[PDB]
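Asker: final_25.cif (mmCIF, C-alpha atoms and all ligand atoms) pasted underneath:
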data_structure
loop_
_atom_site.label_atom_id
_atom_site.label_comp_id
_atom_site.auth_asym_id
_atom_site.auth_seq_id
_atom_site.Cartn_x
_atom_site.Cartn_y
_atom_site.Cartn_z
CA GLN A 1 -50.72 -85.23 -112.22
CA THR A 2 -49.18 -87.21 -109.32
CA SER A 3 -46.25 -86.28 -107.09
CA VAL A 4 -44.26 -87.68 -104.21
CA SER A 5 -41.73 -86.80 -101.58
CA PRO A 6 -39.03 -87.07 -100.64
CA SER A 7 -37.82 -87.75 -104.18
CA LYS A 8 -34.53 -89.16 -103.06
CA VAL A 9 -33.45 -90.77 -99.81
CA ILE A 10 -30.38 -92.57 -98.46
CA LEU A 11 -30.75 -94.88 -95.48
CA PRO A 12 -29.40 -97.95 -93.62
CA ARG A 13 -30.98 -101.37 -93.63
CA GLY A 14 -34.00 -102.02 -91.46
CA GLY A 15 -34.43 -98.30 -91.34
CA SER A 16 -37.81 -96.81 -92.04
CA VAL A 17 -39.00 -93.90 -94.11
CA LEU A 18 -42.16 -91.84 -94.61
CA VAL A 19 -43.53 -90.96 -98.05
CA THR A 20 -46.28 -88.64 -99.13
CA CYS A 21 -48.21 -89.70 -102.21
CA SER A 22 -49.74 -86.33 -103.15
CA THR A 23 -51.86 -85.47 -106.17
CA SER A 24 -53.63 -82.57 -107.85
CA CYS A 25 -57.08 -83.55 -109.01
CA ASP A 26 -60.56 -82.07 -108.67
CA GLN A 27 -61.52 -85.45 -107.18
CA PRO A 28 -59.18 -88.50 -107.64
CA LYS A 29 -60.81 -91.95 -107.66
CA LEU A 30 -57.78 -93.67 -106.09
CA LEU A 31 -54.43 -93.01 -104.40
CA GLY A 32 -51.77 -95.44 -103.24
CA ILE A 33 -48.10 -96.44 -103.18
CA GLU A 34 -46.43 -99.33 -105.03
CA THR A 35 -43.69 -101.15 -103.12
CA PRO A 36 -42.37 -104.60 -102.07
CA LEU A 37 -41.59 -102.92 -98.72
CA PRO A 38 -43.86 -103.22 -95.64
CA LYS A 39 -46.42 -100.40 -95.82
CA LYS A 40 -48.13 -98.70 -92.87
CA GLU A 41 -50.39 -95.69 -93.53
CA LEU A 42 -50.59 -92.52 -91.37
CA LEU A 43 -53.20 -89.84 -90.66
CA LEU A 44 -56.79 -89.53 -91.91
CA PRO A 45 -56.85 -85.67 -92.25
CA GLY A 46 -56.59 -84.60 -95.89
CA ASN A 47 -57.90 -86.18 -99.15
CA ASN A 48 -55.46 -85.71 -102.05
CA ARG A 49 -52.39 -86.31 -99.88
CA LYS A 50 -51.39 -89.60 -98.25
CA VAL A 51 -48.44 -90.53 -96.05
CA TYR A 52 -47.05 -94.00 -95.37
CA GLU A 53 -44.07 -95.55 -93.69
CA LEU A 54 -41.84 -97.92 -95.57
CA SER A 55 -40.15 -100.09 -92.97
CA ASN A 56 -37.34 -102.61 -92.80
CA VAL A 57 -35.86 -101.69 -96.24
CA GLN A 58 -32.74 -103.75 -96.95
CA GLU A 59 -32.17 -103.39 -100.73
CA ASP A 60 -32.10 -100.13 -102.73
CA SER A 61 -35.87 -99.96 -103.21
CA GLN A 62 -37.84 -97.49 -105.37
CA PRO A 63 -41.50 -96.87 -104.26
CA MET A 64 -44.06 -95.74 -106.78
CA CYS A 65 -46.95 -93.41 -105.91
CA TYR A 66 -49.89 -93.75 -108.29
CA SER A 67 -53.28 -92.11 -108.72
CA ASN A 68 -56.35 -92.87 -110.74
CA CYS A 69 -57.52 -89.40 -111.59
CA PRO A 70 -60.51 -88.81 -113.89
CA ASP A 71 -58.03 -87.44 -116.43
CA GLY A 72 -56.06 -90.63 -115.93
CA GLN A 73 -53.70 -92.69 -113.79
CA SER A 74 -50.30 -91.06 -113.32
CA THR A 75 -47.12 -91.95 -111.42
CA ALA A 76 -44.57 -90.34 -109.09
CA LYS A 77 -41.41 -92.28 -108.31
CA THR A 78 -39.11 -91.96 -105.33
CA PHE A 79 -35.71 -93.61 -104.83
CA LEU A 80 -34.63 -95.38 -101.64
CA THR A 81 -30.89 -95.93 -101.23
CA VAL A 82 -29.51 -98.26 -98.59
CA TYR A 83 -25.96 -97.82 -97.21
CA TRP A 84 -24.03 -100.07 -94.81
CA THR A 85 -20.59 -100.86 -93.35
CA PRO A 86 -19.11 -104.26 -94.55
CA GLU A 87 -18.98 -107.58 -92.64
CA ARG A 88 -15.23 -107.94 -92.59
CA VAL A 89 -12.40 -105.85 -93.99
CA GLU A 90 -9.57 -108.12 -92.75
CA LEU A 91 -6.62 -109.02 -94.96
CA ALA A 92 -5.12 -112.42 -95.83
CA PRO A 93 -2.79 -114.00 -93.24
CA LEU A 94 0.91 -114.31 -93.80
CA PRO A 95 3.30 -115.32 -90.97
CA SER A 96 5.09 -112.75 -88.80
CA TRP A 97 8.71 -113.33 -89.95
CA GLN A 98 9.96 -112.78 -93.50
CA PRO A 99 13.31 -112.64 -95.48
CA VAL A 100 14.16 -109.05 -96.56
CA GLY A 101 14.03 -108.27 -100.26
CA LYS A 102 10.97 -110.44 -100.86
CA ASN A 103 8.36 -109.31 -103.42
CA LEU A 104 5.66 -110.70 -101.12
CA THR A 105 1.95 -110.01 -101.71
CA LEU A 106 -0.43 -108.02 -99.51
CA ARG A 107 -3.99 -109.13 -100.13
CA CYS A 108 -7.08 -107.63 -98.56
CA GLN A 109 -10.73 -108.56 -98.95
CA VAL A 110 -13.90 -106.68 -97.97
CA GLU A 111 -17.35 -108.29 -97.95
CA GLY A 112 -20.35 -106.02 -98.31
CA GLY A 113 -20.73 -102.26 -98.01
CA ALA A 114 -23.11 -100.01 -99.96
CA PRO A 115 -23.55 -97.84 -101.91
CA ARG A 116 -20.76 -99.68 -103.70
CA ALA A 117 -19.96 -96.80 -106.02
CA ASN A 118 -18.88 -94.80 -102.98
CA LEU A 119 -16.88 -97.48 -101.07
CA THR A 120 -13.09 -97.43 -101.60
CA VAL A 121 -10.46 -99.72 -100.21
CA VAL A 122 -6.88 -98.95 -99.23
CA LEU A 123 -3.94 -101.16 -98.29
CA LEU A 124 -1.31 -99.50 -96.12
CA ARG A 125 1.80 -99.98 -93.97
CA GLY A 126 0.84 -97.55 -91.24
CA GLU A 127 -0.45 -94.04 -92.01
CA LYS A 128 1.04 -94.25 -95.51
CA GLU A 129 -1.35 -94.85 -98.42
CA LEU A 130 -0.16 -98.00 -100.22
CA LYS A 131 -3.08 -98.33 -102.66
CA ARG A 132 -6.61 -96.87 -102.85
CA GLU A 133 -9.03 -98.80 -105.07
CA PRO A 134 -12.88 -99.16 -105.24
CA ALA A 135 -14.47 -102.31 -103.81
CA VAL A 136 -14.88 -104.79 -106.69
CA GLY A 137 -16.97 -107.95 -106.28
CA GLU A 138 -17.71 -110.06 -103.22
CA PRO A 139 -15.46 -110.24 -101.41
CA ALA A 140 -13.53 -107.28 -102.80
CA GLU A 141 -10.22 -108.54 -104.10
CA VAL A 142 -7.38 -106.05 -103.67
CA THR A 143 -3.61 -106.60 -103.80
CA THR A 144 -0.23 -104.83 -103.85
CA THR A 145 3.13 -106.61 -103.73
CA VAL A 146 5.17 -105.10 -100.92
CA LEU A 147 8.92 -105.32 -100.58
CA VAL A 148 11.08 -105.79 -97.53
CA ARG A 149 13.84 -103.15 -97.26
CA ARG A 150 14.30 -100.15 -94.92
CA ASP A 151 10.81 -99.19 -93.75
CA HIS A 152 10.59 -102.94 -93.17
CA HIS A 153 12.19 -103.95 -89.87
CA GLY A 154 9.19 -104.72 -87.65
CA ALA A 155 6.25 -102.94 -89.25
CA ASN A 156 2.45 -103.17 -88.96
CA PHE A 157 0.42 -103.42 -92.23
CA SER A 158 -3.35 -102.97 -92.34
CA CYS A 159 -6.42 -102.59 -94.56
CA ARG A 160 -9.15 -99.97 -94.28
CA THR A 161 -12.40 -99.09 -96.06
CA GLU A 162 -13.73 -95.57 -96.70
CA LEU A 163 -17.45 -95.08 -97.63
CA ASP A 164 -17.96 -91.43 -98.53
CA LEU A 165 -21.50 -90.26 -97.90
CA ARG A 166 -20.12 -86.87 -97.10
CA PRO A 167 -21.19 -85.61 -100.55
CA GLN A 168 -24.69 -86.01 -99.07
CA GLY A 169 -24.44 -84.71 -95.51
CA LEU A 170 -23.61 -88.04 -93.82
CA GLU A 171 -20.17 -88.95 -92.50
CA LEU A 172 -17.23 -90.92 -93.88
CA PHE A 173 -17.85 -94.50 -92.84
CA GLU A 174 -14.56 -96.32 -92.53
CA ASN A 175 -13.42 -99.53 -90.84
CA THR A 176 -9.81 -100.45 -90.00
CA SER A 177 -8.63 -104.10 -90.07
CA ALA A 178 -6.58 -106.36 -87.78
CA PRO A 179 -2.88 -105.38 -88.19
CA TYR A 180 -0.11 -107.32 -89.83
CA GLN A 181 2.70 -107.95 -87.35
CA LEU A 182 5.67 -108.06 -89.76
CA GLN A 183 9.09 -108.76 -88.28
CA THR A 184 12.63 -108.60 -89.72
CA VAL B 130 -60.98 -126.41 -121.28
CA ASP B 131 -59.11 -123.33 -122.39
CA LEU B 132 -57.44 -122.24 -119.15
CA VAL B 133 -55.52 -119.01 -118.62
CA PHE B 134 -52.84 -117.90 -116.18
CA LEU B 135 -53.00 -114.22 -115.26
CA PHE B 136 -49.91 -113.48 -113.15
CA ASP B 137 -48.93 -110.30 -111.25
CA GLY B 138 -45.84 -108.60 -112.65
CA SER B 139 -46.02 -105.52 -110.42
CA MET B 140 -43.28 -103.95 -108.29
CA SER B 141 -45.00 -104.92 -105.06
CA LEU B 142 -43.81 -108.50 -105.30
CA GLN B 143 -40.30 -109.37 -104.07
CA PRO B 144 -38.03 -109.96 -107.12
CA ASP B 145 -38.03 -113.60 -106.06
CA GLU B 146 -41.81 -114.02 -105.67
CA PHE B 147 -42.02 -113.56 -109.46
CA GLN B 148 -40.08 -116.79 -110.02
CA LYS B 149 -41.85 -118.58 -107.14
CA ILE B 150 -45.07 -117.76 -109.03
CA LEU B 151 -43.82 -119.32 -112.26
CA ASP B 152 -42.90 -122.50 -110.38
CA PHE B 153 -46.58 -122.75 -109.44
CA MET B 154 -47.73 -122.08 -112.96
CA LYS B 155 -45.62 -125.12 -113.84
CA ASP B 156 -46.93 -127.05 -110.78
CA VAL B 157 -50.28 -127.22 -112.61
CA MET B 158 -49.41 -126.68 -116.29
CA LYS B 159 -46.53 -129.09 -117.08
CA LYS B 160 -47.88 -131.53 -114.49
CA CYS B 161 -51.08 -131.58 -116.53
CA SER B 162 -49.51 -131.52 -120.02
CA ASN B 163 -52.10 -134.13 -120.97
CA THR B 164 -53.94 -133.55 -124.25
CA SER B 165 -57.22 -131.56 -124.45
CA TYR B 166 -55.69 -129.01 -122.08
CA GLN B 167 -54.91 -125.52 -123.40
CA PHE B 168 -53.31 -122.61 -121.50
CA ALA B 169 -52.13 -118.99 -121.80
CA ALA B 170 -50.31 -116.31 -119.80
CA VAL B 171 -50.75 -112.60 -119.18
CA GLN B 172 -48.43 -110.66 -116.90
CA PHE B 173 -50.20 -107.61 -115.53
CA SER B 174 -48.79 -104.51 -113.87
CA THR B 175 -49.50 -100.98 -115.14
CA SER B 176 -49.87 -102.46 -118.62
CA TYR B 177 -50.65 -105.85 -120.21
CA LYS B 178 -49.10 -108.36 -122.60
CA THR B 179 -49.87 -111.93 -123.56
CA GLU B 180 -46.62 -113.72 -122.61
CA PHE B 181 -47.49 -116.74 -124.71
CA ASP B 182 -50.59 -117.14 -126.87
CA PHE B 183 -52.31 -120.42 -127.73
CA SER B 184 -50.76 -120.38 -131.24
CA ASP B 185 -47.17 -120.62 -130.00
CA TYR B 186 -48.43 -122.59 -126.97
CA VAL B 187 -49.26 -125.98 -128.50
CA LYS B 188 -46.14 -125.73 -130.73
CA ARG B 189 -43.39 -126.39 -128.19
CA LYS B 190 -45.41 -127.54 -125.17
CA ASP B 191 -43.21 -126.83 -122.10
CA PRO B 192 -43.22 -123.84 -119.62
CA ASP B 193 -39.49 -123.27 -120.32
CA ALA B 194 -39.92 -122.59 -124.02
CA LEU B 195 -42.83 -120.14 -123.73
CA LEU B 196 -41.14 -117.90 -121.17
CA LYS B 197 -38.27 -117.13 -123.55
CA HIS B 198 -38.38 -113.36 -123.30
CA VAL B 199 -40.10 -112.67 -119.98
CA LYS B 200 -38.98 -109.36 -118.46
CA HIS B 201 -40.07 -108.35 -114.94
CA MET B 202 -41.76 -104.95 -115.55
CA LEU B 203 -42.49 -104.15 -111.89
CA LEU B 204 -44.81 -101.18 -112.23
CA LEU B 205 -48.36 -100.91 -110.85
CA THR B 206 -51.11 -103.54 -110.60
CA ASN B 207 -54.13 -102.98 -112.83
CA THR B 208 -55.99 -106.05 -111.59
CA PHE B 209 -59.32 -105.18 -113.12
CA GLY B 210 -58.09 -104.09 -116.52
CA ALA B 211 -56.07 -107.28 -116.55
CA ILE B 212 -59.13 -109.51 -116.27
CA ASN B 213 -60.74 -107.35 -118.96
CA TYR B 214 -57.78 -108.18 -121.25
CA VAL B 215 -58.06 -111.94 -120.87
CA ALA B 216 -61.64 -111.38 -121.98
CA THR B 217 -61.36 -109.05 -125.01
CA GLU B 218 -57.84 -109.54 -126.34
CA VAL B 219 -56.95 -113.11 -125.26
CA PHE B 220 -59.87 -115.55 -125.54
CA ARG B 221 -60.52 -114.34 -129.09
CA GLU B 222 -60.97 -117.37 -131.35
CA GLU B 223 -58.51 -115.72 -133.76
CA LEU B 224 -55.47 -116.45 -131.59
CA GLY B 225 -56.15 -120.14 -130.94
CA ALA B 226 -59.09 -121.02 -128.68
CA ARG B 227 -61.54 -123.94 -129.02
CA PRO B 228 -65.29 -122.97 -128.80
CA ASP B 229 -66.66 -126.15 -127.20
CA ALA B 230 -64.28 -125.75 -124.23
CA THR B 231 -64.48 -124.13 -120.77
CA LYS B 232 -62.59 -120.81 -120.42
CA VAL B 233 -60.73 -120.79 -117.09
CA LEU B 234 -59.02 -117.83 -115.46
CA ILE B 235 -56.07 -118.34 -113.10
CA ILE B 236 -55.30 -114.91 -111.61
CA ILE B 237 -52.06 -114.60 -109.66
CA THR B 238 -51.59 -111.44 -107.57
CA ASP B 239 -50.94 -110.33 -103.95
CA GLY B 240 -54.51 -109.04 -104.04
CA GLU B 241 -53.65 -105.34 -104.18
CA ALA B 242 -55.36 -103.28 -106.88
CA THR B 243 -53.99 -100.00 -108.26
CA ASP B 244 -57.31 -99.18 -109.88
CA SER B 245 -61.02 -99.88 -109.41
CA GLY B 246 -62.52 -101.46 -112.49
CA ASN B 247 -65.29 -103.94 -113.28
CA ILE B 248 -65.13 -107.53 -114.53
CA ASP B 249 -68.76 -107.87 -115.62
CA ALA B 250 -67.27 -108.03 -119.13
CA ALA B 251 -66.31 -111.64 -118.30
CA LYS B 252 -68.29 -112.47 -115.11
CA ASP B 253 -68.97 -115.93 -116.62
CA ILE B 254 -65.29 -117.04 -116.68
CA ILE B 255 -63.95 -119.53 -114.14
CA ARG B 256 -61.89 -117.33 -111.80
CA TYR B 257 -58.92 -118.62 -109.76
CA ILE B 258 -56.97 -115.93 -107.87
CA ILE B 259 -53.89 -116.88 -105.82
CA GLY B 260 -52.34 -114.62 -103.18
CA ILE B 261 -48.58 -114.39 -102.64
CA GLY B 262 -47.52 -111.19 -100.89
CA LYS B 263 -47.75 -109.69 -97.39
CA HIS B 264 -50.36 -107.01 -98.09
CA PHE B 265 -53.11 -109.69 -98.02
CA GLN B 266 -53.94 -109.14 -94.30
CA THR B 267 -56.70 -106.86 -92.80
CA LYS B 268 -60.28 -106.44 -94.14
CA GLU B 269 -60.19 -102.60 -93.76
CA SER B 270 -57.84 -102.43 -96.77
CA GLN B 271 -57.56 -105.94 -98.18
CA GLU B 272 -60.98 -107.03 -99.45
CA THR B 273 -60.64 -107.13 -103.26
CA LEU B 274 -59.49 -110.74 -102.96
CA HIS B 275 -63.26 -111.31 -102.43
CA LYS B 276 -64.25 -109.18 -105.47
CA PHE B 277 -63.31 -111.82 -108.05
CA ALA B 278 -64.64 -114.65 -105.87
CA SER B 279 -67.22 -117.05 -107.30
CA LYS B 280 -68.54 -119.81 -104.97
CA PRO B 281 -68.69 -119.68 -101.09
CA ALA B 282 -65.56 -119.34 -98.93
CA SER B 283 -64.05 -122.78 -99.57
CA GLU B 284 -60.78 -123.27 -101.45
CA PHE B 285 -60.93 -119.98 -103.40
CA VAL B 286 -59.08 -117.75 -100.93
CA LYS B 287 -56.99 -119.39 -98.21
CA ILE B 288 -53.72 -118.76 -96.36
CA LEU B 289 -51.75 -119.84 -99.51
CA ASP B 290 -49.61 -116.66 -99.73
CA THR B 291 -47.34 -119.28 -101.28
CA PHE B 292 -49.46 -121.49 -103.55
CA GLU B 293 -46.47 -123.89 -103.35
CA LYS B 294 -48.19 -124.93 -100.13
CA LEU B 295 -50.39 -127.22 -102.26
CA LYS B 296 -49.84 -130.45 -104.21
CA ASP B 297 -50.70 -131.21 -107.86
CA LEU B 298 -53.90 -129.36 -108.76
CA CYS B 299 -54.75 -131.79 -111.55
CA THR B 300 -57.57 -133.95 -110.11
CA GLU B 301 -58.07 -131.06 -107.63
CA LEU B 302 -58.56 -128.19 -110.13
CA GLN B 303 -60.89 -130.35 -112.19
CA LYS B 304 -64.06 -128.97 -110.57
CA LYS B 305 -65.91 -129.30 -113.88
CA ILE B 306 -63.11 -130.56 -116.15
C1 LIG C 1 -21.62 -92.44 -105.05
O1 LIG C 1 -22.33 -93.02 -106.16
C2 LIG C 1 -22.61 -92.15 -107.29
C3 LIG C 1 -23.11 -93.06 -108.40
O2 LIG C 1 -22.05 -93.65 -109.13
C4 LIG C 1 -21.34 -91.35 -107.64
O3 LIG C 1 -21.36 -90.63 -108.90
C5 LIG C 1 -22.47 -90.12 -109.54
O4 LIG C 1 -23.33 -91.21 -109.87
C6 LIG C 1 -24.44 -90.81 -110.67
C7 LIG C 1 -25.41 -91.99 -110.72
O5 LIG C 1 -25.78 -92.42 -109.41
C8 LIG C 1 -23.93 -90.41 -112.03
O6 LIG C 1 -25.03 -90.08 -112.87
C9 LIG C 1 -23.02 -89.21 -111.89
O7 LIG C 1 -22.36 -88.99 -113.13
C10 LIG C 1 -21.96 -89.44 -110.82
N1 LIG C 1 -21.38 -88.16 -110.45
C11 LIG C 1 -20.06 -88.01 -110.34
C12 LIG C 1 -19.29 -89.06 -109.55
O8 LIG C 1 -19.46 -87.03 -110.79
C13 LIG C 1 -21.05 -90.46 -106.47
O9 LIG C 1 -20.05 -89.48 -106.76
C14 LIG C 1 -20.52 -91.48 -105.49
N2 LIG C 1 -19.88 -90.84 -104.36
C15 LIG C 1 -18.58 -91.03 -104.19
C16 LIG C 1 -17.70 -89.79 -104.20
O10 LIG C 1 -18.06 -92.15 -104.10
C1 LIG C 2 -17.67 -100.36 -89.05
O1 LIG C 2 -17.72 -99.00 -88.66
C2 LIG C 2 -19.04 -98.59 -88.25
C3 LIG C 2 -19.01 -97.08 -88.11
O2 LIG C 2 -17.99 -96.49 -88.92
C4 LIG C 2 -19.44 -99.35 -86.98
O3 LIG C 2 -20.74 -98.92 -86.47
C5 LIG C 2 -20.81 -98.86 -85.07
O4 LIG C 2 -20.44 -100.14 -84.57
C6 LIG C 2 -20.40 -100.20 -83.14
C7 LIG C 2 -19.84 -101.56 -82.76
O5 LIG C 2 -18.44 -101.63 -82.96
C8 LIG C 2 -21.78 -99.95 -82.59
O6 LIG C 2 -21.76 -100.06 -81.17
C9 LIG C 2 -22.22 -98.55 -83.02
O7 LIG C 2 -23.52 -98.25 -82.50
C10 LIG C 2 -22.22 -98.46 -84.56
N1 LIG C 2 -22.57 -97.12 -85.00
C11 LIG C 2 -23.66 -96.51 -84.54
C12 LIG C 2 -24.98 -96.79 -85.24
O8 LIG C 2 -23.64 -95.74 -83.56
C13 LIG C 2 -19.44 -100.84 -87.32
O9 LIG C 2 -19.71 -101.61 -86.15
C14 LIG C 2 -18.09 -101.26 -87.89
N2 LIG C 2 -18.18 -102.64 -88.35
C15 LIG C 2 -17.79 -103.65 -87.58
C16 LIG C 2 -17.52 -104.96 -88.28
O10 LIG C 2 -17.66 -103.56 -86.35
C1 LIG C 3 6.76 -108.52 -107.93
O1 LIG C 3 6.34 -107.15 -108.08
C2 LIG C 3 6.36 -106.69 -109.45
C3 LIG C 3 5.98 -105.21 -109.43
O2 LIG C 3 5.28 -104.81 -110.61
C4 LIG C 3 5.43 -107.55 -110.32
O3 LIG C 3 5.49 -107.12 -111.68
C5 LIG C 3 5.85 -109.01 -110.22
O4 LIG C 3 4.95 -109.82 -110.98
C6 LIG C 3 5.84 -109.44 -108.74
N1 LIG C 3 6.29 -110.82 -108.61
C7 LIG C 3 5.43 -111.83 -108.77
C8 LIG C 3 4.48 -112.12 -107.61
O5 LIG C 3 5.40 -112.53 -109.79
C1 LIG C 4 2.21 -103.07 -84.12
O1 LIG C 4 1.03 -103.87 -83.89
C2 LIG C 4 0.57 -103.79 -82.52
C3 LIG C 4 -0.58 -104.77 -82.38
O2 LIG C 4 -1.84 -104.11 -82.45
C4 LIG C 4 0.17 -102.36 -82.18
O3 LIG C 4 -0.27 -102.29 -80.84
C5 LIG C 4 1.36 -101.43 -82.38
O4 LIG C 4 0.96 -100.08 -82.16
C6 LIG C 4 1.93 -101.58 -83.79
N1 LIG C 4 3.12 -100.76 -83.92
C7 LIG C 4 4.33 -101.25 -83.67
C8 LIG C 4 5.22 -101.51 -84.88
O5 LIG C 4 4.75 -101.48 -82.53
MG MG C 5 -48.59 -104.49 -107.04
#
Is it possible to give me this structure as structure tokens?
Answerer:
Amino acid sequence: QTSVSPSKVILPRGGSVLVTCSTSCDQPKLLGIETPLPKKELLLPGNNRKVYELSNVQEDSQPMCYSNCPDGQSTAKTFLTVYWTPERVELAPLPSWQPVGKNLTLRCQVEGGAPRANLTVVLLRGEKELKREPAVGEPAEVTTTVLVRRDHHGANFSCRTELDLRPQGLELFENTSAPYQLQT
Amino acid sequence: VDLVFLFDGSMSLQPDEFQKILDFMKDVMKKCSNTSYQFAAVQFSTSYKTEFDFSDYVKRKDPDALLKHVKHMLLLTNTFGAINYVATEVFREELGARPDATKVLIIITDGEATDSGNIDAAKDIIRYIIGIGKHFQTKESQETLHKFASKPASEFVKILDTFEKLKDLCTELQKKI
């Protein structure tokens, strides 16, 4: 007959959260939370309701509120989601000058970033989308063979990341990378 | 001596601490693979299961052949009901225990109970609880590490939140072996 809130949460590393292990029993013999995270309990007022503070959470943890009620021990599970902007989004160095009409390769790698099912990567020669693909692995390998013709005369190529937490009230967390000074 | 390892497979232990625990089990077990030395293993969380019984134990003696299908459950931590499992459904002669032998109990847990039980059902067994977490700090909350204690505050409950901070417990764990 347990219960807990909030049921879902999204937060950055090292962040802290509060959780209320509630319960509905005539007189429960025990109430607590089950987590690998550092616990710190709150107020004394109340009996069948308990609040804590899960601190310094770095991995997507999932606390578990329990309760030994006369009827029995039940469980209420919450879900902690950690999100963060990658270490480096920079792309692989090629030299400034290049022979036109060259099927040269543009490679970009991103290391980190979560939640990984929301983080996309995009290679681009200026404000033109060259290729948008989801971050795969560590670092995230991504490549698109660019040509040297007409829009190629002394351009600047770059690599950005877009982490969409907008579907859950946050913002779009993106990071641009050091430019590619292409000349010809 | 029919010794038993009772390790904590609850969520509250870092996914690593599970494997750091096993290392210790082996620090005593395989190091003391000498004959006339029987062991067992019961991972406790919200539920219980005998990881490896005596029967399959003395068949392929090695802590890398008995942990074939170990799966980290990571639920609660029924510490009491765990001890009361080693008693009733573990030390039963049926499985593979020798009568004229001392029944030891090696409990491994951060010392955080998710229930309040009673171990009088096996108060005679040689207890041996080893901390490992972070929770094992203040007396106001953490005190149950004293509940399963036997003899005076000696080498029963120390700072060893990493039992790795200890050499080979062969000639050391033989307190009556
Ligand atoms: C962020 O991650 C989730 C998880 O992949 C994206 O999609 C949903 O994921 C849940 C599981 O977490 C699935 O059960 C749903 O089927 C998914 N819903 C969808 C995508 O329709 C979520 O959309 C991601 N946000 C973005 C847009 O990247
Ligand atoms: C990636 O982008 C994020 C935001 O989109 C950056 O976060 C901010 O970083 C600056 C330093 O450049 C800090 O001063 C801000 O305080 C951060 N945001 C906040 C919490 O206000 C992040 O730094 C970028 N990553 C890199 C590698 O610099
Ligand atoms: C040049 O680009 C084409 C475009 O699809 C690709 O098929 C080809 O393999 C590339 N050349 C290389 C690097 O072999
Ligand atoms: C080219 O790269 C430089 C270096 O950051 C940048 O300042 C400039 O705006 C870019 N555009 C061009 C092609 O001049
Ligand atoms: Mg636990």
Asker: So that each row is one residue of chain A with an atom at most 9 Å from ligand LIG 4 (chain C), can you give its shortest atom pair and the distance in Å to one decimal, using all atoms listed in the file, rows by chain and rising number, as JSON lines?
Answerer:
{"residue": "A:126", "atom": "CA", "partner": "C:LIG4", "partner_atom": "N1", "distance": 8.3}
{"residue": "A:153", "atom": "CA", "partner": "C:LIG4", "partner_atom": "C8", "distance": 8.9}
{"residue": "A:154", "atom": "CA", "partner": "C:LIG4", "partner_atom": "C8", "distance": 5.8}
{"residue": "A:155", "atom": "CA", "partner": "C:LIG4", "partner_atom": "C8", "distance": 4.7}
{"residue": "A:156", "atom": "CA", "partner": "C:LIG4", "partner_atom": "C1", "distance": 4.8}
{"residue": "A:157", "atom": "CA", "partner": "C:LIG4", "partner_atom": "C1", "distance": 8.3}
{"residue": "A:178", "atom": "CA", "partner": "C:LIG4", "partner_atom": "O2", "distance": 7.5}
{"residue": "A:179", "atom": "CA", "partner": "C:LIG4", "partner_atom": "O2", "distance": 6.0}
{"residue": "A:180", "atom": "CA", "partner": "C:LIG4", "partner_atom": "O1", "distance": 7.0}
{"residue": "A:181", "atom": "CA", "partner": "C:LIG4", "partner_atom": "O1", "distance": 5.6}
{"residue": "A:182", "atom": "CA", "partner": "C:LIG4", "partner_atom": "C8", "distance": 8.2}
{"residue": "A:183", "atom": "CA", "partner": "C:LIG4", "partner_atom": "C8", "distance": 8.9}
Asker: Which residue gives the smallest distance to chain A among B:301, B:218, B:241, B:229, with all atoms listed in the file counted?
Answerer: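 Closest candidate: B:241.
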Asker: Enumerate residues in contact with ligand MG 5 (chain C): an atom-to-atom distance of at most 12 Å, counting only C-alpha atoms and all ligand atoms. Format the result as a count of residues only.
Answerer: 47
Asker: What do you get as JSON, numbers by chain if you pick all residues at most 9 Å from ligand LIG 3 (chain C), counting only C-alpha atoms and all ligand atoms?
Answerer: {"A": [102, 103, 104, 105, 144, 145, 146, 147]}
Asker: Give me the chain A side of the contact with ligand LIG 1 (chain C), cut-off 8 Å, one line per residue showing its nearest atom pair and distance in Å at one decimal, counting only C-alpha atoms and all ligand atoms, sorted by chain and residue number, as CSV.
Answerer:
residue,atom,partner,partner_atom,distance
A:115,CA,C:LIG1,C1,6.5
A:116,CA,C:LIG1,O1,7.3
A:117,CA,C:LIG1,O1,4.5
A:118,CA,C:LIG1,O10,3.0
A:119,CA,C:LIG1,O10,6.2
A:120,CA,C:LIG1,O10,7.7
A:163,CA,C:LIG1,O10,7.1
A:164,CA,C:LIG1,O10,5.6
A:165,CA,C:LIG1,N2,6.7
A:167,CA,C:LIG1,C16,6.6
Asker: At a cut-off of 9 Å, can you tabulate as a tab-separated table every residue of chain A near ligand LIG 2 (chain C) together with its closest atom pair and the distance in Å to one decimal, using all atoms listed in the file and ordering rows by chain then number?
Answerer:
residue	atom	partner	partner_atom	distance
A:84	CA	C:LIG2	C2	8.4
A:85	CA	C:LIG2	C1	5.2
A:86	CA	C:LIG2	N2	6.5
A:87	CA	C:LIG2	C16	5.3
A:88	CA	C:LIG2	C16	5.7
A:89	CA	C:LIG2	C16	7.7
A:161	CA	C:LIG2	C1	8.9
A:162	CA	C:LIG2	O2	8.9
A:163	CA	C:LIG2	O2	8.8
A:171	CA	C:LIG2	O2	8.6
A:172	CA	C:LIG2	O2	7.5
A:173	CA	C:LIG2	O2	4.4
A:174	CA	C:LIG2	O2	5.0
A:175	CA	C:LIG2	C1	4.7
A:176	CA	C:LIG2	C1	7.9
Asker: Around the point (-59.5, -86.7, -101.4) in the file's coordinates, collect all residues with an atom within 9 Å, using all atoms listed in the file, and return them as a ChimeraX atom specification.
Answerer: /A:25-31,46-49
Asker: Excluding same-chain residues fewer than 3 positions from residue 184 of chain B, what lies within 12 Å of it counting all atoms listed in the file, as a list in words?
Answerer: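 Here the qualifying residues turn out to be residues 167, 168, 169, 179, 180, 181, 187, 188, 189, 190, 195, 219, 220, 221, 222, 223, 224, 225, 226 and 227 of chain B.
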